[PDB]
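In what follows, a structure is listed as structure tokens, so that the remarks can point back to it.
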Ligand SMILES: *[C@@H]1O[C@H](CO)[C@@H](O[C@@H]2O[C@H](CO)[C@@H](O)[C@H](O)[C@H]2NC(C)=O)[C@H](O)[C@H]1NC(C)=O
Ligand SMILES: *[C@@H]1O[C@H](CO)[C@@H](O[C@@H]2O[C@H](CO)[C@@H](O)[C@H](O)[C@H]2NC(C)=O)[C@H](O)[C@H]1NC(C)=O
Ligand SMILES: *[C@@H]1O[C@H](CO)[C@@H](O[C@@H]2O[C@H](CO)[C@@H](O)[C@H](O)[C@H]2NC(C)=O)[C@H](O)[C@H]1NC(C)=O
Ligand SMILES: *[C@@H]1O[C@H](CO)[C@@H](O[C@@H]2O[C@H](CO)[C@@H](O)[C@H](O)[C@H]2NC(C)=O)[C@H](O)[C@H]1NC(C)=O
Ligand SMILES: *[C@@H]1O[C@H](CO)[C@@H](O[C@@H]2O[C@H](CO)[C@@H](O)[C@H](O)[C@H]2NC(C)=O)[C@H](O)[C@H]1NC(C)=O
Ligand SMILES: *[C@@H]1O[C@H](CO)[C@@H](O[C@@H]2O[C@H](CO)[C@@H](O)[C@H](O)[C@H]2NC(C)=O)[C@H](O)[C@H]1NC(C)=O
Ligand SMILES: *[C@@H]1O[C@H](CO)[C@@H](O)[C@H](O)[C@H]1NC(C)=O
């Protein structure tokens, strides 16, 4: 007889009708993802569209309970996550146009071609052949030709589509009371009505700009080092007080610098640890690796596997004819069914990807008791952090000298310490300025602060101001460089890659403080310490039930993301770097340019 | 005693209408169930599980049904949930024995098995030891529905989706509850 009681009565008929209709779609998708045949494609698309139509009908039905009188918090969260109109609030023609341009953008990105100016019959796609030249070559002109032709002949096709997708998304987000699309994107970190844990969408921006200011005194030194070393592979092309040309960084855009490690290794006379011969000359099969991972996970206090995961998961690659696209994933088909998909081999990198996947699986196993709509990470960035700290801790010499792969003594020196820390920094702290800058640009575009006659100019200005790279050939307002990225064209959010990198390290410095560590942070392990597993499981089993700024307090002790753990983790490399630039010039000026002559 | 006629029927009934078989006055031999199978769950509450053969009473009843996996822990004196409140409630001075075992390979087929229902919408909590076979539209709002599905008027019978590729906790378990009050 209330407008609140008819909420629980309705959520029970939806938390049982969806947990069943979702299993069909998920299983039918798995059946295609591991056995690529023709009939399986339609067998998956059928169930997929069925589940989508069911969700749409439930959404248009649940608009009868006004969110203004619901008093409980869990039912409010469920109704709010189910109520959002999302897209389709536009007219019909507008929605059709938007879908068409999104598909066109994805297709143009996937199948672009760029050839030679002296032989136009031998052009290569992006994935198998271009970012391989951009990753393995060492000649200046070849990298320059690649980086310029990938943006001159595939970028110029995305501008007259982006300049319309922007307007369409702006309208779709303003028809839901958001004031722009950037607010819709940040609407994941929103928390309202907890009295002590409030978090308005407008603050997120500020928070980012108040933590990235604490990283610069390390990124600057890393940058000066990488530059002083690059100036010995391509002499007379880099000036000692300028920026780095944006094509010598290591890949097409400069997102990760990890492909530079062969040029800028500090001590090139010590091979960092790689137990790939001890694994092979001891007859390790593709199943012993997962046994070791499960043993490590049961050491800290998390449950065993489900006994339905060993029978159905596809750990090995089916040889003769079962051609199956295997990018390592961990599935959550529901109803107590957890599976892993990865064409594993016997090397080291897969020995860590196994732990990453089992971390995802432990997370998805912990919160399987909540309702259906709340089975997800606390926000869009917790999942990968939880999955990553495990692999971060499962590659330390104290661990690999106790599992058996390494020798029992294996004398260790500070040189391999520096080596490993730098190889980590060239991927962790080398992608934060770029991510922050790209997200800032996309926000300033969607909000309307940059008129559409000033896109490329502001983009390159911000790249020179923050990241520290400069364009090698002048780019006017006909090109479109940001659209030549994968996450920008297919309409994916990007801010998460900047929050995860923070959360992750915080978790470490929390759990290592429970296991009562002694040395520096990067030599720590959470294995054989049950208190760590308990402190972590206290947060794992929450899902989206509580606001994320609470589940972050249960394990750390703060309320928001911080940046002290990252610098605490990178302190040794920092102390070494600050004593390597006595002669160089830490910093960069925004006036030099490779064409200012 | 005719126990093998209730532990072995080709199919049990669903929970919302369980099957009650009353035992007459004859000789009872429990030595066959005690050494029958793994018996995932077997808890006696009044009678001596190690001395069962030494007592006897007037009448014994055998109820039988099929419930989900993680819900066996609700067939017990004084529990609460979607099963022990709307479908099958045990009193507070229970005296029988609860036994339940796995039947994953007999009641579950691929592509779903929609023949094991369970009612989850009832206006009033069930009094001890009562069954209901009603199939009237449970009306939640304030508007007469006159008997059609729609908004705030839901149909109360919903079926399990039993399938073989489930985790322990959703595979169909078979339950045979004994009550005592023959020798
Ligand atoms: C992978 O998919 C193909 C295509 O469906 C399967 O090939 C047939 O599958 C049906 C469905 O069970 C069988 O009745 C046929 O006998 C299969 N044909 C052949 C030539 O095998 C194939 O079985 C699937 N892979 C596996 C491992 O089952
Ligand atoms: C309404 O809110 C209350 C508390 O605010 C929820 O009560 C919890 O319910 C779960 C499962 O029913 C119990 O495990 C907890 O112990 C309860 N909390 C307390 C403090 O008693 C209730 O579940 C919410 N309504 C719904 C439909 O979930
Ligand atoms: C979600 O979309 C609907 C339109 O599809 C919005 O408008 C309401 O739609 C219902 C259904 O026809 C009408 O009965 C109401 O009169 C409409 N206006 C209202 C409720 O003000 C609806 O407002 C949207 N809700 C949200 C949260 O975006
Ligand atoms: C975690 O604890 C276990 C048990 O305490 C350790 O396993 C034993 O380690 C000792 C150390 O030399 C060996 O002598 C034993 O043979 C090991 N047990 C078995 C069954 O092999 C394990 O080494 C610890 N791991 C870490 C990383 O500390
Ligand atoms: C690694 O550790 C050794 C000591 O264990 C360091 O060697 C000392 O370095 C300082 C630097 O000026 C010298 O003054 C000392 O005389 C060195 N000791 C010896 C015995 O020669 C070494 O510098 C460290 N290297 C790194 C990269 O951390
Ligand atoms: C329940 O029924 C099954 C078969 O419906 C019985 O299994 C029989 O067991 C006897 C003794 O082991 C065998 O000789 C038969 O061949 C089995 N039948 C089949 C079809 O395999 C089982 O014994 C019955 N349970 C009880 C308690 O009587
Ligand atoms: C996990 O499985 C192993 C292997 O069967 C067993 O020895 C161990 O006791 C199990 N632990 C738990 C907590 O289930």
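Worth a mention:
- Legend: translational diffusion of region A:1-84 by Stokes-Einstein, Rh = Kirkwood radius over C-alpha pairs, 25 °C, 0.890 mPa s; D = 170 µm²/s.
- With R₀ fixed at 45 Å, the C-beta to C-beta distance from residue A:88 to residue B:30 puts the FRET efficiency at about 0.10.
- Where labels lie 7 Å past Cα in the beta-carbon direction, separation of residue B:134 and residue A:558 in nm: 5.7
- Each residue, residue A:272 and residue A:209, gets one label point 7 Å from its Cα in the Cβ direction; the gap between the two is 3.5 nm.
- The simple Förster model, with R0 at 35 Å and r as the Cβ-Cβ distance, assigns residue B:37 and residue B:114 a FRET efficiency of 0.85.
- With both labels modelled 7 Å from their Cα along Cα-to-Cβ, the residue A:409 to residue A:191 distance reads 5.2 nm.
- Region A:438-545: C-alpha pair distances exceeding 18 Å, %: 66
- Convex hull volume per residue for region B:58-106, taking Cα atoms only, in Å³: 94
- Region A:187-299, relative contact order in percent, only Cα pairs under 8 angstrom and at least six apart counted: 11
- For region B:1-96, the Kirkwood estimate of hydrodynamic radius, built from reciprocal distances between every pair of different alpha carbons, is 15.0 Å.
- Neighbour-count order for A:500, A:174, fewest beta carbons within 10 angstrom listed first: A:174, A:500
- Chain lengthening between residue A:45 and residue A:513 when straightened (0.36 nm per residue, less Cα-Cα): 163.7 nm
- Oblate is the label for region A:113-265. Its Cα gyration tensor axes, ordered a ≥ b ≥ c, give a/c of at least 1.5 and b/c at or above a/b.
- Alpha-carbon centroid distance for the pair region B:77-112 / region B:1-73, whole angstrom: 12
- Solution diffusion estimate, µm²/s, Stokes-Einstein, region A:195-247, Kirkwood Rh from C-alpha pairs, 37 °C, viscosity 0.692 mPa s: 233
- Percentage relative contact order, region A:496-597, counting C-alpha pairs under 8 Å, at least six apart: 30
- Shape call, region A:469-597: gyration tensor on alpha carbons, a/c limit 1.5: oblate
- Value at 222 nm in deg cm²/dmol, rounded to 500, when DSSP H runs of n ≥ 4 in the protein assembly as shown each add -39,500 (n - 2.57): -11500 deg cm²/dmol
- Burial ordering of A:280, A:191, fewest other beta-carbon atoms within 10 Å first: A:280, A:191
- Shape summary: region A:503-555 maps onto an equivalent ellipsoid whose semi-axes, from the alpha-carbon gyration tensor, are 22, 12, 7 Å in decreasing order.
- Each 5 Å bin from zero holds the following percent of Cα-Cα pairs in chain B: 1, 7, 15, 19, 18, 16, 11, 7, 4, 2, 1, 0.
- Cα centroid of region A:5-46 to Cα centroid of region A:400-420, whole Å: 47
- Diffusion coefficient (Stokes-Einstein, Kirkwood radius over C-alpha pairs, 37 °C, 0.692 mPa s) for the protein assembly as shown: 107 µm²/s, rounded to a whole number.
- Considering only the Cα atoms of region A:1-155, their convex hull presents on average a projected area of 15.4 nm².
- Spatial separation of Cα centroids for region A:466-487 and region A:180-200, in angstrom: 31
- Measuring nothing but how far apart in sequence close Cα pairs (under 8 Å, 6+ apart) lie, relative to its length, region A:1-84 scores a relative contact order of 38 percent.
Note: ideal-geometry Cβ built from the backbone for every residue, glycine included; neighbour counts use all protein chains shown. Laboratory data are not the source of any read-out in this text; all were calculated from the coordinates shown.
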